[PDB]
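Take a look at the structure tokens below, where one protein chain is shown in two forms, each on its own, as structure 1 and structure 2.
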Structure 1
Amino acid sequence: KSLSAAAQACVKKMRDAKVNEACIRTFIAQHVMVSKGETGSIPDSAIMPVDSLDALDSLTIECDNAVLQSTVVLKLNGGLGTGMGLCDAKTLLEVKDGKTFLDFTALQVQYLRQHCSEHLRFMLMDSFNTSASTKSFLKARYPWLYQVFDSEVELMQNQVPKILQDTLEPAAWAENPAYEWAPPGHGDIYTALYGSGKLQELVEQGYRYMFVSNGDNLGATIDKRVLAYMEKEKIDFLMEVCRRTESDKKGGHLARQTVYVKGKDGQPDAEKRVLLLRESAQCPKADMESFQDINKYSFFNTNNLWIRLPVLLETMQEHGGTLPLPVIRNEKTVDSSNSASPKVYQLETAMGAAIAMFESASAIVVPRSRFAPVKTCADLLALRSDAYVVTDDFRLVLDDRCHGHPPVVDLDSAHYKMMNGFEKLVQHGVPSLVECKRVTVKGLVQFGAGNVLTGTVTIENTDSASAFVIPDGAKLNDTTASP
């Protein structure tokens, strides 16, 4: 080997634990990079804003149903709802009418198979934490997915060791041999696809396109207009972006770099623009102000990505069976809670950063409805309510009586950040929010059954040693309800 002793210890620990060679190849290349000085930082001087992009609302032509016969739907399914106090797979959260996130995508795929394309493939990227519950859920409710779960559906996210910041050796932990491993970010989909052989199996069987998206994003549905736009424009990697708002100033954004290839002898000097992603972790403390300027950098990544699979395979093969994404170098501790434990580096990548790895890569701006993540219990309440309606093809869209905008829900963080607090609020029923512009709740409150809210409502309780109960049938119209 040409590896350092620290890197050697890393591969030895990973080979012992039966980690596959594609994950080892990819991690060690990041390890070598970090041992040569790479920090992950992207200053403002290194990038330019991106000003002009095509939009999805300018498109009208849909594709043939032949293209959908060669399309795979991949959902990220590694997330636990820890932010909402959950222990299990976020996708198994009841979101509307007794159905989960997973229910809706599976019903959307089931619909497309019967009506459009029987060979549309559905895959899930699971972690060790979400696999068993995901498998059990499919056994009970979707046996056609359960029968082919291991062979076709499930894609396992691998784990990588944390390394110390001084030696870059694999950190050891006597208490827990589990706190010495970590996930490598969702950029690991490429490593897992290639390393398991499933990417080769897919191109072999004739699949051309893959639509990847977060499992907790209900707006991420197949749109035939995007597939036609990729065919016609001969695009290999397409990222959906949205216009940034001040609510999104602390999240990542799209950026631009240029590569001048000099013309040999008497020639014209060529130009190629290259798109890239910059998240907050990659931004230096000095440039955080320019990071949050939503007029300089005005687009953010939805994680709705479209990939031409044969080109992905070829590009990874040309790199020796890996995709060399920019490494994000987290500075944390072996035990995350305890700041006495040794300082480590947690190396991860972002699947959206692959937009820089392709010549024919592009980004298309889409409406915000394509990015409807459920990350707070406030988002859940809006989605549970009649403000959202299911279509015949099992999508979730706003009711027309919402005038293009979901109701705005501000729930007290002291009582409703956790799911157990939120389910107490809607214990007797979730109110009608379809005609509601805004609703904000402060203090301990319980709705009643058959409640209807209109306009802008505020329900506040100042007494934290008490609960405010709203009776059944209560109508609340542009008011403040208080004890």
Structure 2
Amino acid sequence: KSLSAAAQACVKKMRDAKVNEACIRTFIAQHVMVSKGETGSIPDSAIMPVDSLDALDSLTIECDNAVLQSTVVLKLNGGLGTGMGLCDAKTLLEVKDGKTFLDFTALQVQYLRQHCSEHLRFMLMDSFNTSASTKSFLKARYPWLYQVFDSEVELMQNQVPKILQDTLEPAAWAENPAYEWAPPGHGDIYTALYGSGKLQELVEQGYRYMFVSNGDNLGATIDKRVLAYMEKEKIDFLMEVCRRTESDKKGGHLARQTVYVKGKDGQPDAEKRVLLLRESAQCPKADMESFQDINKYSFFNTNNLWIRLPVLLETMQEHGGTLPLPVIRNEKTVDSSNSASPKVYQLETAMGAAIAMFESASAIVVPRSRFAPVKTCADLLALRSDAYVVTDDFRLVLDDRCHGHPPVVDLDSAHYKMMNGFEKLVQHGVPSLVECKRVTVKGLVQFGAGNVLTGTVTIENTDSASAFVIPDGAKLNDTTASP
């Protein structure tokens, strides 16, 4: 009904493949935007810094029991960790000896069920890539989650067609047609919830809040103070943000614009702050200077998000059965491996962008303890190290000796970008980093078995025709060590 041939070709392919209609409506609206020149770019000049938020450490009151019992926890688990050379779910990586992201995730759920709300609802948003392996893991390790995996745990994200940059038609790939489809980013959570009927089912069952976080962030759990704050302040969507550090490069920051409140009765001048998310992908590429300036944009989205479910549901129903999140136009080739395969756009959205979709939306500053991202092998190095400790409620948080500062880890991306390269680097043990402010690894190198790094430490191999192996027991303090 009024679409371009290319947009109609997408609808047809999606209907043929039995893609849920909410996903088709959502995708097509993005497609229309893209056909009018939209890229998701948010230039510097269109936004301003946010310089005032409440902090969670300013709160004390915990929510009532009804509210608590009404809260569902969901962990995102649909991505690929392709920058870490992973082909399966990142959450199946080991984080501490013999314990994976999924283990700590399951243990957190069990803790909450033993001490807070015995029937706390727990979900995982999976994709076709991660579903099987996740389900398999829970069957072996956490039978009580496996038993209700299909019925209540797993939410399956949609897949949407990759579209040719040429014409915006759906891309075909005869050698492997599965590569014609892509996951639409974690912003798809709202569309998959709504289109599957699970959102309405949850609201029917008496659930009122959902707390979502990234599968790679084991600092995130429900804080009953946030829920009491959302109840008091009548907030329908809340983003947790952390004060941004130099390591916060892959993700998004909070920003504002100013709008002008209803009408002009009383005075024209008065205006309201509107909040939004800018992902790295949304910064104009020749202006990453805007994005990477941690002073200017110092509130980094953790992706720990709180949503009031009935409000989400009514907002989507009243907007054509979709949530109109800003499209992010990702550029790839249809076989991302093969740069001789046709160039495509992959239309995606980020779930934190939903802060722009509700009148009551806000953000709160949380301590770093709620944010332990693992986007790279360098992050994983810190996480596995004694810089991070396991709390009684099964979060991974910095040791108190760190003073809330994660070690900065700068690993050579020729050798350690891929999980195969990283794992060779820590073959003989993971170095103590609890007292390291900054470790930098240059050229090919291998840690020894006793290592302890204190202060600022560069390990530089200029040779790397030959691996620079660190002696066991070695101690490096404010020093460059080289062969």
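Take the two forms, find the largest set of C-alpha atoms that superpose within 1.5 Å, and that set is the rigid core. Numbering for residues begins at 1 and runs along the sequence of structure 1.
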Form deposited with ligand UPG bound, is that 1 or 2? 2
Could you tell me whether the Cα atom of residue 455 shifts by at least 2 Å between the two structures after core superposition? yes
Comparing between the two structures on the rigid core: C-alpha of residue 264 shifted by 2 Å or more? yes
Rotational displacement of the smaller rigid part between the two structures, which moves against the larger, in degrees: 14
Superposed on the core, the Cα displacement of residue 108 between the two structures in Å comes to 3.3
Rigid core fixed, the Cα of residue 383 shifts between the two structures, in Å, by 5.3
Core-aligned, what does the C-alpha of residue 353 shift between the two structures, expressed in angstrom? 0.2
